[PDB]
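Peer 1: First the structure, then my questions, so here it is.
Number of protein chains: 6
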Amino acid sequence: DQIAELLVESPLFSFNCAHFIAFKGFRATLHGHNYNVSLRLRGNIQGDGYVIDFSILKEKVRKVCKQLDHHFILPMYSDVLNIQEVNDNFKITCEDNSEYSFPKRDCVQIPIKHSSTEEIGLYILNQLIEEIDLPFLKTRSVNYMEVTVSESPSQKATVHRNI
Amino acid sequence: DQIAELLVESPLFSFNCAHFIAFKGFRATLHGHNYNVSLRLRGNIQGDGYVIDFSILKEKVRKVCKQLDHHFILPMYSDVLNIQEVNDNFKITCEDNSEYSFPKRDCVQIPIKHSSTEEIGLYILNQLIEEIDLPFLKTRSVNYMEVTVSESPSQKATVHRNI
Amino acid sequence: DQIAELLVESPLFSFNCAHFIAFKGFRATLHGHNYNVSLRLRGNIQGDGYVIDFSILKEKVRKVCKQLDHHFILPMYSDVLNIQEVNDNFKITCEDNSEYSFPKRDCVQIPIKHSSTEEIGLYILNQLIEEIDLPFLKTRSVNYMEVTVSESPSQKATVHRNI
Amino acid sequence: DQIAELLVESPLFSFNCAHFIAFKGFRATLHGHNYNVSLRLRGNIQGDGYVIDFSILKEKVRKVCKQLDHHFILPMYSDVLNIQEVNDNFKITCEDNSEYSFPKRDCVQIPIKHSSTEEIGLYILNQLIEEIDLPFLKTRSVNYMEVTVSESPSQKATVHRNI
Amino acid sequence: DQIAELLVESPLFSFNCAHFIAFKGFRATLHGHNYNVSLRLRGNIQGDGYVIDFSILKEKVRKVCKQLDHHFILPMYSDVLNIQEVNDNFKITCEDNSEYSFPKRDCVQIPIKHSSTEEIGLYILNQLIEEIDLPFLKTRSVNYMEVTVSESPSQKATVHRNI
Amino acid sequence: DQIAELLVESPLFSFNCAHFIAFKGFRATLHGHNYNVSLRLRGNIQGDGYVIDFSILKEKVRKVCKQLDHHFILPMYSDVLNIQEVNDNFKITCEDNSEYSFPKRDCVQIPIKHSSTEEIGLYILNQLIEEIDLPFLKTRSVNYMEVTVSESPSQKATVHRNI
Ligand SMILES: Nc1nc2nccnc2c(=O)[nH]1
Ligand SMILES: Nc1nc2nccnc2c(=O)[nH]1
Ligand SMILES: Nc1nc2nccnc2c(=O)[nH]1
Ligand SMILES: Nc1nc2nccnc2c(=O)[nH]1
Ligand SMILES: Nc1nc2nccnc2c(=O)[nH]1
Ligand SMILES: Nc1nc2nccnc2c(=O)[nH]1
Ligand SMILES: [Zn+2]
Ligand SMILES: [Zn+2]
Ligand SMILES: [Zn+2]
Ligand SMILES: [Zn+2]
Ligand SMILES: [Zn+2]
Ligand SMILES: [Zn+2]
């Protein structure tokens with residue numbers, strides 16, 4: 010068996026989102042990014058000549074990205090945000106008493122503590138493994154999945170899981 | 010006299026901002042972009058061997074970009090937004106009755122009608138001409154200034170002025 | 010009224026095709042390219058804040074590209090190819106008596122003389138104007154349409170029409 | 010001894026080829042790509058200050074690429090193609106009875122089963138090791154050779170050998 | 010007749026040179042750049058399907074670049090450098106009495122006043138027109154030649170001539 | 010604890026320098042490059058949501074690059090250069106008796122043997138670890154630091170240290 014490593018990356022694996030960083034003793038102003046996601050994996054070349062079909066990887070990266078795209082990214086588990094439900098909005102109050110309010114539908118609530126590149130990457134890695142399907146990955150012999158998320162062209166975080 | 014056209018462009022001429030599009034009968038969800046700005050100009054090669062020093066162009070593009078960077082871009086002259094001052098926030102109400110509220114300090118109020126790439130480009134062109142200084146441009150023989158703004162790598166608007 | 014120039018470009022505006030160059034006294038071997046298409050246009054900024062919506066330009070460039078993608082590009086009007094219909098294939102005979110045969114369904118017959126970048130560009134420009142629709146372009150005030158086609162990252166042809 | 014990893018990559022390490030994918034129960038239409046090859050290696054920094062001279066790596070990557078460039082890539086060992094020699098052409102018949110015919114000189118016969126990126130990568134890795142020369146690599150202390158092949162900017166396969 | 014505009018550009022159209030800027034009241038320290046050159050032209054599509062063959066443009070841009078590559082660029086006509094021939098070296102004395110000495114063979118003497126991007130561009134434009142040959146350009150119907158030179162990815166000068 | 014790998018890279022992490030290669034039996038002519046530096050590291054995601062703040066990495070890469078930028082890179086420990094102090098210049102004599110002279114202030118003396126990409130990379134890795142501060146790195150849980158230096162877009166050397 011011959012090992013190969015596949016990489017899929019594209020301006021199309023994008024989610025254009027608003028966010029702000031907040032942690033103890035610090036709060037950034039509201040802003041946004043064209044986040045970009047690449048996926049790298051490793052398996053054996055199968056009898057059909059692929060480790061896994063690029064088209065499927067492109068399809069599922071696109072799908073995960075599309076869920077986040079055009080939303081404010083709202084961390085569910087932050088210890089420094091007070092997140093209130095007010096009518097059809099989320100009202101967010103910070104430790105410096107700064108206050109924000111967005112329509113709930115404008116927000117994507119993600120099970121992370123900080124809208125950092127690192128934590129977004131871990132979330133996307135887990136979602137990608139679910140969307141492509143872990144049993145399907147194993148039928149193709151894939152044993153390594155790795156996600157890189159960039160906030161901008163100049164700063165990236167990369168996380169992996171051995172499967 | 011020999012004409013030359015200068016172009017300055019960089020991942021550094023960036024402003025990472027939140028915005029949303031709204032015009033009659035339409036409203037986008039809140040999101041954001043890594044906007045990128047390039048500047049192109051035309052003049053004669055001067056006795057010092059430059060049309061104008063690249064370093065100055067880089068300095069002033071950086072300065073304009075830095076004013077917008079890390080803010081929500083708020084159009085001053087929109088006919089479809091109701092912009093209210095509430096304590097230290099701007100409260101924005103849309104035609105579909107969607108409601109947003111941001112700290113005023115998180116916002117940059119710009120004299121445009123829509124936070125589109127085109128209108129942002131016209132604004133930045135005017136600001137760049139002021140920052141570099143129109144008389145200084147004319148001492149260097151510059152007769153054309155042109156700004157390109159990209160919302161993402163795949164979509165750009167370009168505006169110019171003959172000076 | 011303020012003029013703006015819009016550019017849309019992307020790794021997504023691609024057609025991955027086979028072709029070969031043939032003209033009098035010359036014939037290239039069969040090969041292929043990831044062709045890439047960009048579109049540039051000029052009009053006035055409309056009351057909605059756009060010259061024309063980027064999404065529409067992306068949609069129609071994608072559509073034209075998709076018709077050509079994954080096919081052998083077969084020039085209809087070449088003076089140096091003998092193109093024969095044999096069962097469900099096109100058989101192509103060159104001036105040096107070289108012979109090719111492809112399933113007709115693997116081929117896209119294009120009303121050009123040479124599968125050059127220049128002639129492909131003129132064809133795509135005409136198709137893009139039809140797909141976006143010339144009357145619709147004029148309602149948005151667009152007066153200039155320009156297509157760039159690249160055979161590879163290092164060689165491009167650009168054609169335009171004043172409308 | 011200090012380890013260093015060298016990477017050579019360029020738009021010049023290209024082969025612009027036609028191909029089609031075929032495996033059991035599937036056949037793509039004829040098309041093509043600007044394939045691109047990068048080479049990465051690891052060794053110790055030698056007394057001359059190089060692990061190995063970049064110029065040699067560039068020379069040999071260029072040479073391998075040039076053998077494939079401007080040809081139809083024909084897999085020698087496919088279990089789903091019937092490859093016939095007819096006069097000075099190869100006639101290829103697929104499982105769905107689709108038929109192709111190319112001049113033999115337009116084709117490069119490669120000892121692979123599928124013209125996939127993965128299998129092309131393994132072939133190029135083996136050829137690069139022969140062209141640079143395995144004993145010469147070992148005199149420079151190189152212990153790792155790795156090839157990345159891209160079908161297009163957005164999809165790549167990477168293979169390696171420990172030497 | 011249909012007009013087309015051709016562009017050739019590549020990491021290969023490079024000259025990696027040392028230089029320093031000097032003009033009245035100013036002198037930069039010795040340093041260097043990977044200069045990059047692109048060529049754009051305009052003519053009619055000819056009966057062979059090309060305005061002019063890309064391969065020729067690539068060949069001649071390469072040739073001009075190769076003459077400059079791996080040398081110190083020495084302006085022949087500077088009003089602020091004292092250039093002395095000392096044995097087999099050029100000794101250069103600046104207005105601040107700074108002194109440099111290089112082997113003559115390490116230098117390329119260019120008929121410019123300043124080693125600026127603008128003046129280098131004008132020189133390369135003139136050399137490219139000579140290398141491709143002005144009569145040959147006119148037989149292909151080319152009526153516009155334009156050169157862009159970049160000192161680094163972020164700063165470029167563009168010059169043209171109507172022929 | 011979750012591991013993440015951070016990458017910072019930018020056209021801004023540049024030093025535009027002159028140099029020449031010399032080793033036993035060989036000497037290159039004087040020339041230069043836009044060198045580019047990227048930094049990759051690995052640690053655990055901290056309670057603030059970062060492995061380490063990108064801004065600090067960008068700040069210190071910039072600082073190291075700025076020390077080298079706009080200078081001739083002069084290796085301190087070369088066995089094939091005779092480096093003489095003459096008034097306020099360094100005079101360099103090669104094994105073929107070629108002679109150079111530069112103002113000392115135009116030169117950066119680096120504790121390397123060859124101005125190769127590999128040795129420059131090892132030097133920059135060591136300097137980056139000092140500038141960011143090794144104890145500070147360990148408080149953020151960083152256990153791996155890796156530097157890539159490119160002489161041009163097409164040739165790179167990568168070195169690392171486990172900390
Ligand atoms: N490490 C790290 N640093 C950052 N700095 C600023 C903004 N975001 C980030 C981020 O997401 N991760
Ligand atoms: N023309 C144009 N179209 C757009 N489409 C979507 C988002 N922004 C825009 C934009 O800013 N300009
Ligand atoms: N001008 C031009 N030259 C070319 N050279 C080789 C292949 N294609 C082309 C092409 O399409 N156009
Ligand atoms: N994994 C993989 N997938 C593909 N999908 C489509 C075309 N080629 C390929 C290919 O070469 N490899
Ligand atoms: N306009 C211009 N400005 C510059 N600034 C610094 C170095 N070179 C240059 C240069 O070549 N041209
Ligand atoms: N490996 C290596 N090869 C080179 N070849 C030419 C110039 N520099 C280099 C260099 O710095 N490293
Ligand atoms: Zn951010
Ligand atoms: Zn937007
Ligand atoms: Zn071709
Ligand atoms: Zn293919
Ligand atoms: Zn310089
Ligand atoms: Zn060098």
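One line per chain: the protein sequences are D, Z, G, Y, L and C, in this order.
Sequential numbering of the first sequence, starting at 10, is according to the entry's author numbering.
Sequential numbering of the second sequence, starting at 10, is according to the entry's author numbering.
Sequential numbering of the third sequence, starting at 10, is according to the entry's author numbering.
Sequential numbering of the fourth sequence, starting at 10, is according to the entry's author numbering.
Sequential numbering of the fifth sequence, starting at 10, is according to the entry's author numbering.
Sequential numbering of the sixth sequence, starting at 10, is according to the entry's author numbering.
Beta carbons are placed, not taken as given, at the ideal position from N, Cα and C, and that holds for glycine.
(1) Could you tell me if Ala37(D) is buried or exposed, where buried requires 16 or more neighbouring beta carbons within 10 angstroms of its beta carbon?
(2) Taking the alpha-carbon positions, what's the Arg51(Z) to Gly52(G) distance?
(3) Please list the terminal residues of the continuous beta strand (DSSP E) segment that includes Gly52(G).
(4) Would a C-beta distance cut-off of 8 angstroms place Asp57(Z) and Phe32(L) closer than the cut-off?
(5) By how many angstroms is the C-alpha of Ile121(G) removed from the C-alpha of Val46(C)?
(6) So, at 6 angstroms on beta carbons, what are the nonlocal neighbours of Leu15(Y) in its own chain, with the 5 sequence-adjacent residues on each side left out?
(7) Three or more C-beta pairs under 8 angstroms: does that hold for the region 151–166 of chain Y against the region 105–120 of chain Y?
(8) With C-beta atoms as the reference, is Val95(D) less than 8 angstroms away from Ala13(C)?
(9) Buried or exposed for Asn98(Y), please, with buried defined as at least 16 other CB atoms from any protein chain shown within 10 angstroms of its CB.
(10) Going residue by residue through the region 136–162 of chain L, where are the continuous alpha helix (DSSP H) segments of at least 4 residues, counting only ones entirely within it?
(11) Could you list the residues in the region 57–72 of chain C with a C-beta less than 7 angstroms from some C-beta on chain D, going in chain order?
(12) Given that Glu155(C) touches chain D, what residues does it touch there, using C-beta distances under 8 angstroms?
(13) Determine whether the beta carbon atoms of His42(L) and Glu160(L) lie at a separation below 8 angstroms.
(14) Buried or exposed: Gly130(L), going by 16 or more other Cβ atoms within 10 Å of its Cβ?
(15) Comparing C-alpha positions only, which one of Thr157(Y), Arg114(Y), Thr102(Y), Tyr109(Y) sits nearest to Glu127(Y)?
(16) Could you tell me whether any Cβ in chain Y is nearer than 8 angstroms to the Cβ of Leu16(D)?
(17) With distances taken from each beta carbon to the nearest heavy atom of ligand 6, which residues come in below 5 angstroms, in chain order?
(18) Would the beta-carbon of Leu48(Z) fall within 8 angstroms of that of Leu137(Z)?
(19) Go through the region 96–139 of chain Y residue by residue and report every complete run of the beta strand (DSSP E) that reaches 3 residues or more, in order.
(20) Please indicate yes or no: does the CB of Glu160(L) lie closer than 7 angstroms to some heavy atom of ligand 11?
(21) Can you give the beta carbon distance from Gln11(L) to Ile54(L), rounded, assuming they're within the 8 angstroms contact cut?
(22) From which residue to which residue does the beta strand (DSSP E) around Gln11(C) run?
(23) With 8 angstroms as the threshold, decide whether the Cβ of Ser163(G) is near any Cβ in chain L.
(24) Anything in chain L within Cβ reach of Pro20(Y), meaning under 9 angstroms, just list it in chain order.
(25) Taking C-beta to C-beta, are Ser107(Y) and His28(Y) nearer than 8 angstroms?
(26) Taking C-beta to C-beta, are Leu146(Z) and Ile172(Z) nearer than 8 angstroms?
(27) Note down, in chain order, every chain Z residue with its Cβ under 8 angstroms from the Cβ of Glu108(D).
(28) Using the Cα positions of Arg114(C) and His79(C), report the straight-line distance between them to the nearest angstrom.
(29) Taking the beta carbon of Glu18(Y) as the centre, do at least 16 other beta carbons fall within 10 Å, making it buried, or is it exposed?
(30) Roughly how many whole angstroms lie between the Cα atoms of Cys74(G) and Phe22(G)?
(31) Candidates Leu83(Z), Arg149(Z), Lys165(Z): which alpha carbon is nearest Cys26(Z)'s?
(32) What does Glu127(D) reach in chain C if we use C-beta pairs closer than 7 angstroms?
(33) Using the three-state DSSP reduction, which class does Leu21(Y) fall into: helix, strand or coil?
(34) With respect to 7 angstroms, is the separation between the Cβ of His28(Z) and the closest non-hydrogen atom of ligand 8 below this value?
(35) List the residues of chain D that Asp142(Z) touches, going by C-beta distances under 8 angstroms, in chain order.
Peer 2: The structure says:
(1) Burial call: exposed.
(2) 22 angstroms
(3) Where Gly52(G) is concerned, the enclosing beta strand (DSSP E) stretches over 40–53.
(4) yes
(5) 47 angstroms
(6) Counting only Cβ-Cβ distances below 6 angstroms, and skipping sequence neighbours, we find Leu50, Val60.
(7) Output reads no: the region 105–120 of chain Y does not touch the region 151–166 of chain Y.
(8) no
(9) buried
(10) 143–148
(11) Flagged, chain order: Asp57, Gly58, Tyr59, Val60, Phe63.
(12) Those within 8 angstroms of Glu155(C) in chain D number zero; the least Cβ separation is about 12 angstroms.
(13) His42(L) places its beta carbon less than 8 angstroms from that of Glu160(L).
(14) buried
(15) Answer by Cα proximity: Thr157(Y).
(16) yes
(17) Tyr59(Y), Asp62(Y), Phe63(Y), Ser125(C), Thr126(C)
(18) yes
(19) 98–103, 108–112, 116–119
(20) yes
(21) That belief holds up - the Cβ atoms of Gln11(L) and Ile54(L) are roughly 5 angstroms apart, short of 8 angstroms.
(22) Element bounds for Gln11(C): n/a, residue is neither H nor E.
(23) With 8 angstroms as the cut-off, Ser163(G) counts as an interface residue toward chain L.
(24) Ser19, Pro20, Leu21
(25) no
(26) yes
(27) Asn98, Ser110, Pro112
(28) 11 angstroms
(29) buried
(30) Those two C-alpha atoms are separated by around 6 angstroms.
(31) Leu83(Z)
(32) Under the 7 angstroms cutoff, chain C gives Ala13, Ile54, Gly58, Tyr59, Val60.
(33) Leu21(Y) falls in the coil class under three-state DSSP.
(34) yes
(35) In chain order: nothing, as chain D lies at least about 29 angstroms away.
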